[PDB]
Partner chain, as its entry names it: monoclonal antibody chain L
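Shown here is one chain on its own, the form solved without the partner chain, set out as structure tokens.
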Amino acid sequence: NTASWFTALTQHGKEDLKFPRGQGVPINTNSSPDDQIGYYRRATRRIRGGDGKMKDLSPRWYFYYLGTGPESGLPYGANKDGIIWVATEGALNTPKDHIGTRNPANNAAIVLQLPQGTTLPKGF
């Protein structure tokens, strides 16, 4: 019953998601400077293609605050395939259980917006 608070970054290229130190955290006016830390989780979807065979769709990366989402128990910097970490300078390395996850039944997803001067890899 839980989803990301933001819309996804679609991976159109061959390279995985990666942000330079300090960049990557989506803008949220309902959050404070201490909360600006989390991870992007890759979600690949498979569909029945025009030839009957299963084919992959462009991967989607969803942001979740630290201590929240499908990898709530993972600490910052944890090595896991499909998980990349982001944190703004000044955010505290503590769980963000007060923000948590979004319930789509009563909350719309916030359009993913990166701060001014955020660099994204090719195909994003």
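Numbering follows the first chain given and starts at 1.
Trainee: If you average the Cα B factors in the entry, which is higher, 63-71 or 29-37?
Mentor: Averaging CA B-factors over each stretch, the winner is 29-37.
Trainee: Should the higher mean CA B-factor in the entry be assigned to 9-17 or to 102-110?
Mentor: Looking at the recorded C-alpha B-factors, 9-17 comes out higher on average.
Trainee: In terms of CA temperature factor as recorded, identify the highest of 54, 43, 86, 83.
Mentor: Spelled out: the listed residue with the top C-alpha B-factor is 54.
Trainee: By the record's CA B-factor, is residue 79 among the lowest, middle or highest third of residues in the chain?
Mentor: Middle third.
Although it is not shown, the form deposited with the partner chain bound is what the next lines describe.
Trainee: Pick out the residues of 15-30 whose heavy atoms come within 4.5 Å of the partner chain in the entry with it bound.
Mentor: 17, 18, 19, 20, 23, 27, in sequence order.
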